[PDB]
Amino acid sequence: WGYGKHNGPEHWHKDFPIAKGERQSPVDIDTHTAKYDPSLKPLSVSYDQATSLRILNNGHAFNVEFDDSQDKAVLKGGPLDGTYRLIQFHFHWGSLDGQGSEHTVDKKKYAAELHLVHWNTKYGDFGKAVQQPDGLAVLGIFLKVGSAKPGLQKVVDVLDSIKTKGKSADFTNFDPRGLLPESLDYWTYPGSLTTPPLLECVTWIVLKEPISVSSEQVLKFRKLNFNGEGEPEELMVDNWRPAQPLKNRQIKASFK
Ligand SMILES: Nc1ccc2c(c1)S(=O)(=O)NC2=O
Ligand SMILES: [Zn+2]
């Protein structure tokens, strides 16, 4: 599986039949269909004690990994019951500034989308959490091209060291608060992982307010490679799944 013609999203259902399931992600967020829920509590993002460890090119995206062996960076509140622990973040992006996000907003595609992945601590570890319908909470943040995001630049600068699949680099003392917009207003709905195995385990929490990154920052994302060292260069671009049918679901908004 990957993102090309021959093994991209339209093919994934053959190995992963859940691809055509009842709660697949991403979706288009139709802002005028979403229901404002005055009872959704504010989101609590508690990243003070976050301990970043490593950055890895996995052949599909790059992942910034965290020490999740204790409650140190956690998401609570909003639509969530209990405490969800940050494990990793990664992005999805385009070959052009006009595409790259997975979620869309009134069919608008952003240049990229950040996903901060958390697991429900009632399930003990990530692997058990993904078997549960409320196992994960993914905080999704859109990226638009404009001004640079200074809190992204440490990431951008290490990409050269992980150009190809399987490469990793120590990535300590990275503060993911630097990647958040000002507002924590959000939409939320029940969905899935957006890559195989496409498990239907996610509560999505998608911020309304995009962050702005520079063109130069996103260009550096686009210099990464899907292939391994020594193989023909296939640029890591357009690593996004397109919108899937909403089916029998409701999107709730935290704001009017
Ligand atoms: N645990 C996860 C593993 C991979 C992915 C996700 C979660 S995502 O945030 O749905 N987008 C993904 O690629
Ligand atoms: Zn993702």
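Note: hydrogens, waters and symmetry copies are ignored here, and every other heavy atom, side chains too, is used. In each ligand, atom 1 is the first atom listed, and ligand 1 is the first ligand listed. Along the sequence shown, residues are numbered consecutively beginning with 1.
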Point to revise | Proximal ligand 1 atoms for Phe126, defined as those under 4.0 Å from one of its heavy atoms | key: 1 (N)
Point to revise | Stepwise ring pair (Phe, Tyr, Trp, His ring centres under 6.0 Å) test for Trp240 and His103 | key: CA-CA 9 Å; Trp240 50 278; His103 297 90; over 10 Å; no
Check your understanding: Can a donor-acceptor pair be found between the side chains of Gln99 and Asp238 at a distance below 3.5 Å?
Key -> yes
**Study point:** Numbered atoms of ligand 1 (with element) below 4.0 Å of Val138, judged on heavy atoms
**Key:** 9 (O)
**Study point:** Any N or O of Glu102 closer than 3.5 Å to N or O of ligand 1
**Key:** no
Practice item. Starting from atom 10 (O) of ligand 1, find the nearest protein heavy-atom neighbour and note its residue, name and distance. Key: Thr194 N, 3.1 Å
Review point. Considering only heavy atoms of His115, which atoms of ligand 1 have at least one such atom less than 4.0 Å away?
Key: 8 (S), 9 (O), 11 (N)
Check your understanding: Using 4.0 Å as the upper bound for N to carboxylate O, is an ion pair formed by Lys72 and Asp67?
Key -> yes
Study note, to complete from the structure: Among N, O or S atoms, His115 approaches the Zn ion (ligand 2) most closely through ND1
Point to revise | Polar side chain donor-acceptor pair, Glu102 to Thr194, under 3.5 angstrom | key: yes
**Study point:** contact_flag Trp204 ligand 1 heavy-atom lt 4.0 Å
**Key:** yes
Review point. Nearest protein heavy atom to atom 3 (C) of ligand 1, by residue and atom, and its distance?
Key: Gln88 NE2, 4.1 Å
Point to revise | Close-contact set for ligand 1 against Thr195 heavy atoms, below 4.0 Å | key: 4 (C), 5 (C), 12 (C), 13 (O)
Point to revise | Region of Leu193 engaging ligand 1 - heavy atom pairs below 4.0 Å | key: both
**Study point:** Distance-only polar pair, side chains of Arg241 and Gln24, donor-acceptor under 3.5 Å
**Key:** yes
Exercise for review: Work out whether the distance between some heavy atom of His90 and some atom of ligand 1 is less than 4.0 Å.
Suggested key: yes
Point to revise | Aromatic contact, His92 with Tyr3 (centres under 6.0 Å) | key: no
Check your understanding: Without hydrogens or angle criteria, can the side chains of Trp1 and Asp15 be said to hold a donor-acceptor pair below 3.5 Å?
Key -> no
**Study point:** Side chain, backbone, both or neither: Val117 near ligand 1, heavy atoms under 4.0 Å
**Key:** side chain
**Study point:** Cation-pi check, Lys76 onto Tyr84 ring (under 6.0 Å, within 45° of axis)
**Key:** no
